[PDB]
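Only one chain is shown below, in C-alpha cells, and it's the form solved without the ligand.
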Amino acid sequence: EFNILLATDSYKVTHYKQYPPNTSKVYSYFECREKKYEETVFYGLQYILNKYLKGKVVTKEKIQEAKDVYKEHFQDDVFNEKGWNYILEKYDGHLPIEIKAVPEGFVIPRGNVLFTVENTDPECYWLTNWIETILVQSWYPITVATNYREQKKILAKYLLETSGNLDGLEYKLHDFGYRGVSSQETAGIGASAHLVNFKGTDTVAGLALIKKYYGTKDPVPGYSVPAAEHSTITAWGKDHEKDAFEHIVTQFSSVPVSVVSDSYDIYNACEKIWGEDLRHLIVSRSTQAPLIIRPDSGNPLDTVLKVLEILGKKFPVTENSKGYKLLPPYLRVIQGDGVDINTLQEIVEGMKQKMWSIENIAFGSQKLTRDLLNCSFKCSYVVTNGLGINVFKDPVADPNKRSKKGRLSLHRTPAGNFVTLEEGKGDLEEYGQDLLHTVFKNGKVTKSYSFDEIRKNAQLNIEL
C-alpha cells in the first residue's frame, strides 16, 4: 500500500535536523517560474490532495515500515520516528498542513503564485517541505493541460479562418498516447489533462480518474470511435488489403470508422482502393458515419497534402463559404503520426496555403518536462524564535532561479490581470482580496471543483 512516509526524496528524511533550531513555521509556494507558454492552466492538484494527502495517511504500521526501510537505505538511524508519531497521536494521522491554491482550470501568466503550503502546528515545521516531492508532480498535469490548450488555440485559429466557425474543435485533437507514456498512473493523469481541452480519446484511464476525483454532469468526459490498427489490416495478407478495408467499413457501416491506410502504400490505398474499388461503399455513407482515412508514416505535412489532393480528385469536393475546399461529409482524414505543437502548426498552415479547410482533418497526439514551464517549489517564509523572516534563493550565475520572498498572495490588478504580492504586502489591502483559496487543511479537502467547472475555467478567449 502507498506510504506517504516513503513518498519523498531520500534526503528530506534528514531535513528536520537542518532547519534553524526553534523554527515553528515553514511556508512554501509553487510557481511556473518566468524566464511561447506565457500562461499556464493550473490543473491536477485536486487529484493529488485526494489520492495521497487527505485523511489518516499515517499509521503505526506505516511508521514502522519507514523506520525499517530508511535504516537500510541510509545504513544508519536518521528517520524522525517521533515527529510522525506526534501526527499519529495528536491528529489521528491527518496532516497538519494548510494549502491554498488558484482554482483548477485557471489560466494564469507565468511567474505567479499558484499554491502555497504551510504547517498548522509548530511541531510539524518539517512537514511543509517533506511533501514537496509529491506536490511538485503537479507539474505534469499542469504542463500537459497547458500544452494541449496551446494546440487548441492553433486549431481554433485555423478552423475559424477556413470554415468561419469552431464547430467540432473539441474533437480535432484525439488522444492516442496510452502506449507511449511511462505508466498506467501517468496514462490516467495525462489523459485527464488532455480532456480539460478536448473530448476525443483512446485513453480510457482518463475517464475513470475524472469520475473518481472531479466529476462530470455527463456519463463520461471523453469519446471514441471504432478504428483499425495495422494488425487488423495486415492479418488479411499483403494481397488482401482491399478485402480488409471492405470488411471493416461494412462491419462499421452506420458509425464513424477510422482506417489506417498506409500498411503498404498510402497513396495507392487512397487513389485505387478507397477511390476506385471501394468507392461505392464510401459515397453511400451517412454524414454522421464518415470514413476517416488515417495515414501514419512519411513526412506529416507532405503526406497530408498528397492524401487530400488524391481524395479531391476521386471524390466530389465543394468550396465552402470561406473559399476553402471541403471533402464530402462522409469522408475525413486523421493524421496521428508525429503531431506535436510545431508539426500541428506546420500542417494547418500548409493546408491553408493549399486552400484546404481544417474541417477536413483531425489530429492524433512528445517530451514535456518540469523545466518547460519551470515548475518549482520553494520556501519563502519561516518563523524562528517567534520572528518571521522572508527567505529566498538568488544564485549568482542564474537570475532566472531567483525565488519570491515572504508571505505570498494573488490579486487582480486595476486592469483585470493577475499579480503576485510578496513580503506579506497582500495584508496592506491595496490590491483587494487574495485570489487563492484554502483547498486543504489538517487532513481535509476544503474546496474542490467539478471537471465541468475546470473545463469552463480553461476555455480559450476565442471560445468565449
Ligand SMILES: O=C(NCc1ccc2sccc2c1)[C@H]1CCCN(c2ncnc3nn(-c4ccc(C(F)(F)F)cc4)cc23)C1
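One-based numbering along the sequence shown.
One more form of this protein exists, namely the form solved in complex with the ligand; it is left out here, but the text below deals with it.
Residue 176 belongs to the set of residues with a heavy atom inside 4.5 Å of the ligand in the deposited bound form. For residue 360, a non-hydrogen atom is located within 4.5 Å of the ligand in the deposited bound form, even though that partner is not displayed. By the criterion of a heavy atom within 4.5 Å, residue 333 is counted among the residues contacting the ligand in the deposited bound form. Interface residue remark: residue 143 is not counted as part of the site for the ligand in the deposited bound form, having no heavy atom within 4.5 Å. Here the chain stands by itself, but in the deposited bound form one stretch of 94-102, 316-324, 238-246, 290-298, 290-298, has heavy atoms within 4.5 Å of the ligand. Every residue of the trio 172, 225 and 258 has some heavy atom no more than 4.5 Å from the ligand in the deposited bound form. Of the residues given (168, 122, 109, 312), 168 alone sits with a heavy atom within 4.5 Å of the ligand in the deposited bound form.
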